[PDB]
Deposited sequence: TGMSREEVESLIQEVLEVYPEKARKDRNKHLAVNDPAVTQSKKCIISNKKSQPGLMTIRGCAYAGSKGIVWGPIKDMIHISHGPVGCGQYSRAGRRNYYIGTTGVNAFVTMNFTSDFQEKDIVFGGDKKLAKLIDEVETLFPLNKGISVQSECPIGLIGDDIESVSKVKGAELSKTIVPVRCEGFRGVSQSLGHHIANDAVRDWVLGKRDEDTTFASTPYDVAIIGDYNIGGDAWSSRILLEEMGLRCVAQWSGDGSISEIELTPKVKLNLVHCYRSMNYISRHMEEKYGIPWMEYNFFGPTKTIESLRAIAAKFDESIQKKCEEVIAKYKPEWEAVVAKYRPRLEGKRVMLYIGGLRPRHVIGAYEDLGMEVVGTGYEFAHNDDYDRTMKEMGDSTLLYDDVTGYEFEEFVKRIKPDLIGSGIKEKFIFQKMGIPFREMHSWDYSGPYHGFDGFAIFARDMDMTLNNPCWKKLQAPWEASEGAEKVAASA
């Protein structure tokens, strides 16, 4: 009930002091909501920083470049191989994604500056890792605070070594969340990488050239997407960022259409490429069969008769496969109610996949989404369902206590709380070390995963038989 959910909201906010209460009330709603604002101090946010957004999300996945966590040891270590942005390569020789390169700032670096050290560590990178095809330097909190000039070093060392060196001022005090990092990361690609092959005319184009923008290949997601597009007759010139090479990014301006999956993280560079190079972009969704089919047809419509025929041939190929998945799994999950809390895309994008298994998303929310994301979410969510932006640990626990969902889909910091409460939980960031979840092949895994957890025998055993 709308009235019930609204009274849930007042009640929860009664614990806060006035300052926090008035603010949080604006970030909670029933579909009217604000977002992309500062987090209230001391309320146990789930949010990361601009560094997590630039290094962890946008740049880190780029496999043939070396990414320097510039600053003290913490950030680079805690983010080391945390996100499963999958790639093919030989780690340590020509690929570098799972490694942690860092300037490991000590007090002398804080006091004197780390600019000479960065210059030296670039020489050391070049000596020990010759097959690297570029460097990025990801600023941690102290870099800007101590007045370092990482741009000059990149300019100088880059010119000296004839190598692409990318300064990213993604310090963790910047912005309010991971979201500003995306923008900074997008702008860094634009300024230092994307225009390298503007004068280059040697690339043999076709009418069906395409780029996957904002798919980070979590558990192989991007590969499960790529395969369908290329079966439809398209040529994926680039994947930004999952299993991405630098040369693919540089080739992207040559494509005919940018296929945007993650809007929040990659809409900035998508705008630029339309403005500068005229390349149109379109949002799509490859979560579940309904959205995948809808998406494949929308994409194919931007091309010609031949691609649209191939579109129908792909859809007909996979029809028996996904229908077999639903016949098996929909009866196991039908009517079950889901609550979600994730970053900037998946709180709305995975809703159709749930509905394809007969499940209802009764609550959803974002860590760092903008109003344009919430606009997009209004349409996808049901009437009278709960919305929460930058939810607090306290709120999220309280909402679940009352709503009593059958399943919760969030991150690692949420997982073990709700498991103790006796509610099945699925990690919707890391896919709980499973996936892919994209495409038709992903839906099969998704369905199997939601069922294994939601219907697991362990959940009927929380109460001791003498505790009743």
Relative to the deposited sequence, which regions have no modelled C-alpha positions in the structure? 1 to 3, 35 to 43, 481 to 491
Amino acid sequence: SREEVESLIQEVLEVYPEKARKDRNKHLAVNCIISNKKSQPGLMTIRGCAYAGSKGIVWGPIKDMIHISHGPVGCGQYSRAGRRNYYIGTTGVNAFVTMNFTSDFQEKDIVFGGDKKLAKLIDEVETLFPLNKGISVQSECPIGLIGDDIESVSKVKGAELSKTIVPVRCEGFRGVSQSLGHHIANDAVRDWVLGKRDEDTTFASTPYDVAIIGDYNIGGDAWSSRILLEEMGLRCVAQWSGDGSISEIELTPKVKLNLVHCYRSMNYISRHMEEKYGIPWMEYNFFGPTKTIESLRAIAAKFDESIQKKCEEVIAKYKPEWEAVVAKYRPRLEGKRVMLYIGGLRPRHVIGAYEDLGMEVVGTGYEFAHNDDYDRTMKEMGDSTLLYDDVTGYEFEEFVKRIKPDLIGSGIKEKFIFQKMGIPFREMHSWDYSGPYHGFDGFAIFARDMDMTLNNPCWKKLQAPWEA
From here on, numbers count along this sequence of modelled residues.
Quick one: higher average CA temperature factor, 195 to 203 or 387 to 395? 195 to 203
What stretch has the higher average Cα B-factor here, 156 to 164 or 280 to 288? 156 to 164
With respect to the C-alpha temperature factors reported in the PDB entry, which of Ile143, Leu345, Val362, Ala222 ranks highest? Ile143
Selection from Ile412, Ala52, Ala29, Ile66 [criterion: highest C-alpha temperature factor in the record]: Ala29
Third of the chain's Cα B-factor distribution that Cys170 belongs to, per the entry: middle
Within this chain's modelled residues, let me know which third the CA B factor of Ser434 belongs to: lowest, middle or highest. lowest
Classify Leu43 as lowest, middle or highest third according to the C-alpha B-factor given in the PDB entry, relative to its own chain. middle
Is the Cα B-factor recorded for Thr90 in the lowest, middle or highest third of its chain? lowest
Report the third (lowest, middle or highest) to which the CA temperature factor of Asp372 belongs, ranking only the modelled residues of the same chain. middle
